[PDB]
Amino acid sequence: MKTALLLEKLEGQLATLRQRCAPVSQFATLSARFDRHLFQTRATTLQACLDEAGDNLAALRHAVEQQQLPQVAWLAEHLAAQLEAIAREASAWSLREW
(Lines of atoms letter the chains of each structure in order from A; the text may use other names.)
(Lines give C-alpha, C1' and ligand atoms only; values in the text may rest on other atoms or scores of the structure.)
Protein backbone atom coordinates (compact mmCIF):
# COMPACT_ATOMS: atom_id res chain seq x y z
CA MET A 2 0.00 0.00 0.00
CA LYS A 3 0.92 3.69 -0.20
CA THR A 4 3.71 3.00 -2.69
CA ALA A 5 0.99 1.84 -5.09
CA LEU A 6 -0.96 5.08 -4.69
CA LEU A 7 1.86 7.39 -5.77
CA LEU A 8 2.15 5.26 -8.90
CA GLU A 9 -1.52 5.62 -9.84
CA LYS A 10 -1.37 9.37 -9.18
CA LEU A 11 1.79 9.94 -11.21
CA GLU A 12 0.53 7.92 -14.18
CA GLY A 13 -3.06 9.04 -13.70
CA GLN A 14 -2.24 12.75 -13.57
CA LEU A 15 0.24 12.46 -16.44
CA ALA A 16 -2.48 10.92 -18.60
CA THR A 17 -5.22 13.37 -17.61
CA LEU A 18 -2.98 16.43 -17.93
CA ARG A 19 -1.59 15.20 -21.25
CA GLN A 20 -5.16 14.76 -22.47
CA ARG A 21 -6.45 18.17 -21.39
CA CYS A 22 -3.20 19.84 -22.43
CA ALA A 23 -2.91 17.71 -25.58
CA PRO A 24 -4.12 20.36 -28.08
CA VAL A 25 -1.62 22.96 -26.86
CA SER A 26 1.05 22.65 -29.57
CA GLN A 27 -0.91 25.29 -31.49
CA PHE A 28 -0.45 27.98 -28.83
CA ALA A 29 2.27 26.31 -26.76
CA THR A 30 4.23 28.98 -24.91
CA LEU A 31 6.55 28.70 -21.90
CA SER A 32 7.02 31.60 -19.48
CA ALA A 33 10.41 33.25 -18.92
CA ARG A 34 10.68 31.68 -15.46
CA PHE A 35 11.62 28.30 -16.93
CA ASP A 36 14.20 26.27 -15.01
CA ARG A 37 16.75 23.94 -16.60
CA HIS A 38 16.61 21.83 -13.43
CA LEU A 39 12.84 21.25 -13.50
CA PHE A 40 12.59 21.38 -17.29
CA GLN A 41 14.74 19.75 -19.97
CA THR A 42 16.90 21.62 -22.49
CA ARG A 43 14.35 20.92 -25.22
CA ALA A 44 11.58 22.23 -22.96
CA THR A 45 10.91 25.43 -24.91
CA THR A 46 7.12 25.28 -25.17
CA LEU A 47 4.11 23.54 -23.62
CA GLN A 48 3.99 20.80 -26.26
CA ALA A 49 7.75 20.39 -25.86
CA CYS A 50 7.36 19.89 -22.11
CA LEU A 51 4.69 17.20 -22.44
CA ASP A 52 6.63 15.51 -25.25
CA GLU A 53 9.89 15.46 -23.28
CA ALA A 54 8.06 14.08 -20.25
CA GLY A 55 6.53 11.32 -22.34
CA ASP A 56 9.93 10.23 -23.62
CA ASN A 57 11.33 10.25 -20.08
CA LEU A 58 8.61 8.11 -18.51
CA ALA A 59 8.75 5.78 -21.52
CA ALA A 60 12.47 5.09 -21.20
CA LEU A 61 12.09 4.87 -17.43
CA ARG A 62 9.46 2.16 -17.91
CA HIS A 63 11.63 0.06 -20.23
CA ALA A 64 14.76 0.82 -18.21
CA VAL A 65 13.38 -1.43 -15.47
CA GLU A 66 14.28 -4.38 -17.71
CA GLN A 67 17.91 -3.25 -17.83
CA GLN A 68 18.04 -2.98 -14.03
CA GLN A 69 18.45 0.79 -14.22
CA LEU A 70 16.97 1.32 -10.75
CA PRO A 71 19.81 3.73 -9.76
CA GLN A 72 18.78 5.88 -12.73
CA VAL A 73 15.13 5.82 -11.64
CA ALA A 74 16.10 8.22 -8.85
CA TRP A 75 17.17 11.01 -11.20
CA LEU A 76 14.48 10.26 -13.79
CA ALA A 77 11.91 10.22 -10.98
CA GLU A 78 12.92 13.65 -9.68
CA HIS A 79 12.83 15.15 -13.17
CA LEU A 80 9.57 13.46 -14.16
CA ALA A 81 7.91 14.32 -10.85
CA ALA A 82 9.09 17.93 -11.04
CA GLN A 83 7.99 18.18 -14.67
CA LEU A 84 4.41 17.13 -13.93
CA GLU A 85 4.41 19.42 -10.90
CA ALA A 86 5.72 22.40 -12.86
CA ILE A 87 3.10 21.96 -15.58
CA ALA A 88 0.28 21.51 -13.06
CA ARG A 89 1.48 24.60 -11.20
CA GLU A 90 1.34 26.89 -14.23
CA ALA A 91 -2.02 25.51 -15.35
CA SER A 92 -3.33 25.92 -11.81
CA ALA A 93 -2.37 29.60 -11.68
CA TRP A 94 -3.98 30.51 -15.00
CA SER A 95 -6.94 28.36 -13.91
CA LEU A 96 -9.12 26.35 -16.30
CA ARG A 97 -10.27 29.35 -18.33
CA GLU A 98 -7.85 29.64 -21.25
CA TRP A 99 -5.00 32.15 -21.38
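Counting in the working numbering, the sequence shown runs from 2 upward without gaps.
C-beta atoms are modelled at their ideal positions from N, C-alpha and C, and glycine is treated no differently.
*Pick from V73, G55, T45 that is closest to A16, judged by C-alpha positions*: Within the sequence shown, the letter at position 15 stands for residue 16. The option with the nearest alpha carbon to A16 is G55.
_Buried or exposed by the 16-neighbour rule on C-beta atoms within 10 Å, applied to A5_ = As a working mapping, residue 5 is identified with position 4 in the sequence shown. Exposed: under 16 other Cβ atoms inside 10 Å.
*asked:* Between which residues of its own chain and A29 is the CB-CB distance below 6 Å, once the five residues before and five after are set aside?
replied: For the purposes of this step, residue 29 is taken as residue 28 along the sequence shown, with counting starting at 1. Annotation for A29: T46, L47, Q48 place their beta carbon closer than 6 Å to its own, counting only its chain and skipping 5 residues before and after.
*Determine the burial state of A44: buried for a count of at least 16 other Cβ atoms within 10 Å of its Cβ, exposed for fewer.*
Within the sequence shown, numbered from 1, the residue matching residue 44 stands at position 43. Around the Cβ of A44, a 10 Å sphere holds 16 or more other Cβ atoms; the residue is buried.
*Those runs of the alpha helix (DSSP H) which lie wholly inside the region 40 to 85 and span at least 4 residues*: The qualifying runs are 47 to 64.
*Is there contact between the region 16 to 25 and the region 74 to 88, where contact requires at least three CB pairs shorter than 8 Å?*
Yes: at least three Cβ pairs fall under 8 Å.
_First and last residue of the uninterrupted alpha helix (DSSP H) at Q14_ = Along the sequence shown, read from residue 1 onward, the residue named residue 14 stands at position 13. It spans 4 to 21 - the alpha helix (DSSP H) in which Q14 sits, taken as one unbroken run.
*Return yes when the Cβ of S26 is within less than 8 Å of the Cβ of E90, no when it is not.*
Sequence index remark: in the sequence shown, residue 90 carries index 89 (1-based). Sequence index remark: in the sequence shown, residue 26 carries index 25 (1-based). Result no, Cβ atoms of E90 and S26 do not sit closer than 8 Å.
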